[PDB]
Amino acid sequence: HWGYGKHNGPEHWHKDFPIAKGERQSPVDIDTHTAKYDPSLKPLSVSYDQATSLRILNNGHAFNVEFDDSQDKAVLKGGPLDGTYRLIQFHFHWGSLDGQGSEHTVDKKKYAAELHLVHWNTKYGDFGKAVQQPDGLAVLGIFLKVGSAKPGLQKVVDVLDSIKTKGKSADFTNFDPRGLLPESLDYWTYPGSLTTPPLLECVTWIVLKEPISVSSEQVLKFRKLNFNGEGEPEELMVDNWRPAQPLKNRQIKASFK
Ligand SMILES: NS(=O)(=O)c1c(F)c(F)c(S(=O)(=O)CCO)c(N[C@H]2CCc3ccccc32)c1F
Ligand SMILES: [Zn+2]
């Protein structure tokens with residue numbers, strides 16, 4: 001039932017998914033002054049050179065760029081992590097207006113969008129098993145601001161008209177997710193959850209400090225997507241973000257400053 005509206009948006013999710021009110025929900029506001037610098041946090045190791053993009057899909061909430069996760073080809077490690085985590089997909093959350101769209105906030109600042117690169121811990125063998133574990137996933141979150149175009153994003157932007165509506169897919173090979181990363185890998189980290197139902201508390205969040213820049217034209221193409229399926233009334237895919245949730249008993253750690 002769930003989605004992003006008055007009637008079925010984030011404030012309703014708890015009725016189907018009670019953990020929505022749990023102890024380690026995401027996203028959160030990142031209070032930069034109160035984040036704890038941890039000298040012992042390692043640099044993040046992002047090894048995406050063998051990544052094998054396969055397909056891009058409109059799942060009716062967002063669009064997902066999928067990877068072959070049947071071998072260690074695109075992996076995240078280091079940082080605050082203790083194992084190796086394989087990239088399964090990325091997606092974005094974005095707004096109706098440039099002034100909103102991110103899930104995490106930084107000193108209450110909203111960004112225009114937020115990229116989630118989703119990885120699962122190889123010690124659990126597959127994504128479905130990993131989501132049942134408290135250290136099953138590592139999600140790398142990257143903020144988007146509007147300004148100069150991100151040229152590594154354009155291949156995603158240009159395919160979107162082929163996946164306008166829920167359930168559409170398109171071959172999407174040879175997409176290189178290194179083109180979506182900012183210069184710095186400095187990050188904040190905390191234990192949290194998936195930000196969409198089922199809201200499972202299985203995620204080590206790693207949120208990069210440095211946003212990427214995308215153009216107004218790029219984010220405008222995200223907003224032409226539709227949450228409905230073909231042959232239904234148009235509902236633009238905008239404002240597909242969950243607001244910040246209570247931090248409760250958590251400390252956000254910083255790799256820097
Ligand atoms: N926004 S988020 O970063 O916290 C995030 C989620 F919120 C979320 F719910 C899921 S899910 O359980 O797999 C959805 C399956 O039904 C994923 N995981 C991925 C991998 C599989 C998949 C399929 C569809 C949509 C997202 C995901 C997720 F990355
Ligand atoms: Zn997400």
Side-chain angles (χ1 to χ4, degrees), residues 1-4 8-10 13-14 16-20 22 24-28 30 51-70 74-76 81 85-95 100-105 110-122 124-128 130-144 156 163 166-167 169 172 177 180 187-208 212 222 225 227 237-245:
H1 216 232
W2 71 267
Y4 292 100
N8 64 0
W13 297 346
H14 71 101
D16 276 335
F17 304 95
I19 203 176
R24 57 170 282 190
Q25 288 290 294
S26 294
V28 300
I30 303 167
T52 295
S53 83
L54 291 174
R55 184 174 82 146
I56 185 167
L57 164 80
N58 180 346
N59 63 13
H61 300 298
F63 63 87
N64 287 184
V65 169
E66 291 163 4
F67 288 79
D68 172 14
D69 65 348
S70 73
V75 304
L76 188 64
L81 303 171
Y85 292 67
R86 282 198 188 152
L87 178 63
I88 180 168
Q89 50 104 338
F90 69 79
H91 62 270
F92 302 82
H93 304 263
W94 63 91
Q100 63 198 53
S102 67
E103 296 208 303
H104 295 88
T105 56
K110 286 159 177 177
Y111 289 86
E114 183 171 333
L115 167 58
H116 289 162
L117 293 131
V118 181
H119 312 75
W120 57 270
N121 195 324
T122 59
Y124 300 124
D126 78 2
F127 178 85
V131 296
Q132 300 296 332
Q133 315 300 334
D135 57 350
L137 297 192
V139 183
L140 180 58
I142 305 178
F143 296 118
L144 281 59
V156 167
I163 57 148
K166 185 178 180 210
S169 53
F172 204 65
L180 295 177
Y187 62 86
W188 298 283
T189 185
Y190 74 97
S193 75
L194 303 178
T195 68
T196 61
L199 299 170
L200 294 169
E201 293 181 332
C202 62
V203 179
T204 300
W205 277 95
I206 302 166
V207 178
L208 298 189
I212 62 166
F222 283 14
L225 291 167
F227 284 132
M237 187 182 276
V238 295
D239 292 320
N240 58 352
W241 49 277
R242 187 189 194 190
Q245 300 301 309

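Heavy-atom basis, side chains included; hydrogens, waters and symmetry copies ignored. Both counts, for ligands and for their atoms, begin at 1 and track the order of listing. Numbering starts at 1 and runs along the sequence shown.
With no hydrogens or angles considered, a side-chain donor-acceptor pair links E103 and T195 at under 3.5 Å. Side-chain contact check for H93 and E114: no donor-acceptor pair (N or O, by modelled atom type) lies under 3.5 Å. Between the side chains of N240 and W94, not a single donor N or O lies within less than 3.5 Å of an accepting N or O. Counting only N and O atoms by type, the side chains of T105 and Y111 include no donor and acceptor under 3.5 Å apart. For the residue pair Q100 and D239, a side-chain donor N or O sits within less than 3.5 Å of a side-chain acceptor on the partner.
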Any protein N or O within less than 3.5 Å of an N or O in ligand 1? List each pair with its distance, or say none.
residue  : atom   : partner : partner atom : Å
ligand 1 : 1 (N)  : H91     : NE2          : 3.1
ligand 1 : 1 (N)  : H93     : NE2          : 3.3
ligand 1 : 1 (N)  : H116    : ND1          : 3.3
ligand 1 : 1 (N)  : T195    : OG1          : 3.0
ligand 1 : 3 (O)  : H116    : ND1          : 3.4
ligand 1 : 4 (O)  : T195    : N            : 2.9
ligand 1 : 18 (N) : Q89     : NE2          : 3.3

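Within the sub-2.8 Å shell of the Zn ion (ligand 2), the protein contributes these N/O/S atoms: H91 NE2, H93 NE2, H116 ND1.
Atom CZ of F172 sits about 11.5 Å away from atom CG of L54, to the nearest 0.5 Å.
Aromatic ring centroids of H104 and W188 lie 6.0 Å or more apart.
Salt bridge annotation for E66-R55: present, with a cationic side-chain nitrogen under 4.0 angstrom from a carboxylate oxygen.
Between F92 and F63, the angle of the ring planes lies from 30° to 60°, which puts this pair in the tilted group.
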